[PDB]
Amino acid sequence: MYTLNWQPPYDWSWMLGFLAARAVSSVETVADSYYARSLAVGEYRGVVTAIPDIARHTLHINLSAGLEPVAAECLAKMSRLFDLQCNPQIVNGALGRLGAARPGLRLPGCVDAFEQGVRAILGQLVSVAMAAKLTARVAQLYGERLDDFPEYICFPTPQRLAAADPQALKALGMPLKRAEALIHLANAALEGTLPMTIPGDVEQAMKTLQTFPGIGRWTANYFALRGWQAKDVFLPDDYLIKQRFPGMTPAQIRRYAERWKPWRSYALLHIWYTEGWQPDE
C-alpha cells in the first residue's frame, strides 16, 4: 500500500481505456478500476497494482514482495506510466480550445524504455488489437514467468531477445526485417547505447534513433513520446494524424503543430483520441 499524488483533473477512464486496448495478455491486466502488470527491475520480479483513488487525488500502488526491495524504482516507473507529474492547469492553459474538452488527458508512458521500443516496432503497419496479440506471443516465448504468480509473465529482456532466433520470431507473425529490428534494438539495450531515459537533446537522440535497423521517423517519434515521455513531439507520418489533416503533407502538419509548442505531445493525444477533429481555416 504505497501512494502517489497527482494534480486534478485526471481522466482515468481515458488513461486506462487506452492502456487496455494495447494491453498485452498475461503481462498486463487493465480493469475499469485498476491496472496491474508483471514487472522486473533487474533480477527482482513480482507484480504491480496501481489503483487510482479519484476521491483523494491519489494513486495507491501495491507491490509483490519480490519487488519490495526495489519499491522506489517500481513506484517511479508507475509515475512515468501514468504521467503523475503533469499539471493540467499549465498544459490546458497553453492549448486552450484544443485541450478544453478533455482536460484530464495525460501522456500514456511506459514502465521501461526497452519494452516500449519493442512495443513500438511491433506496432508498425498493423492494428492495435493485432499488435497487442503479436506482442503477447513474443512475451509468451521469451518472457520469464513469475514463480510467485504463474498467471503473470515478464516482458522479454534484451539479453533474452538478443539470443533470439530470427525465424523463431518471424514465425510468431512478423516480417523477418521486423524481428531483425528487434534483435538489434535488444543489443543496443544491452550495451547501454539505447537511451533508457529522456535525453537533453531529444531531436538528436531521435535522429540517432532513426539509424537503428527497422526504426524510422514514425517509430522514433512514437518512441520518444512513449519511451522518454517527451512532451513536445508529434507524429505527422501517422495514419490517423494524416486523416485529421486532410491533404496536408507531413511537412504541412509539422509546421502546423508548432502552435502547440511546447506541449505537442499533448496536442497530439488530444487530436488522436478526438475523432472528427480538423485543422483551422
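Note that residue numbering follows the sequence shown and begins at 1.
Original post:
If you average the CA temperature factors over each stretch, which comes out higher, 240-248 or 218-226?
Top reply: Between 218-226 and 240-248, it is 240-248 that shows the higher mean C-alpha B-factor.
Original post:
Comparing 172-180 with 82-90, where is the mean C-alpha B-factor higher?
Top reply: Result: 172-180.
**OP:** Choose from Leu122, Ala113, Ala76, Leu161 the residue with the greatest Cα B-factor as stated in the PDB record.
**Re:** Spelled out: the listed residue with the top C-alpha B-factor is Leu122.
Subject >> Highest-ranked of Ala100, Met196, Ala136, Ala71 once sorted by CA temperature factor in the record >> reply: It is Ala136.
Original post:
Which third of the chain holds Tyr35 when residues are ordered by C-alpha B factor: lowest, middle or highest?
Top reply: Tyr35: CA B-factor falls in the lowest third of its chain.
Original post:
Would the CA B-factor of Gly276 place it in the lowest, middle or highest third of its chain?
Top reply: Answer is highest: the recorded C-alpha B-factor places it there.
Original post:
Would the CA B-factor of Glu28 place it in the lowest, middle or highest third of its chain?
Top reply: Highest third.
**OP:** Report the third (lowest, middle or highest) to which the CA temperature factor of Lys231 belongs, ranking only the modelled residues of the same chain.
**Re:** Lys231: CA B-factor falls in the lowest third of its chain.
Original post:
Lowest, middle or highest third: where is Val48 by Cα B-factor in its chain?
Top reply: Its C-alpha B-factor, which the entry lists for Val48, ranks in the highest third among residues of this chain.
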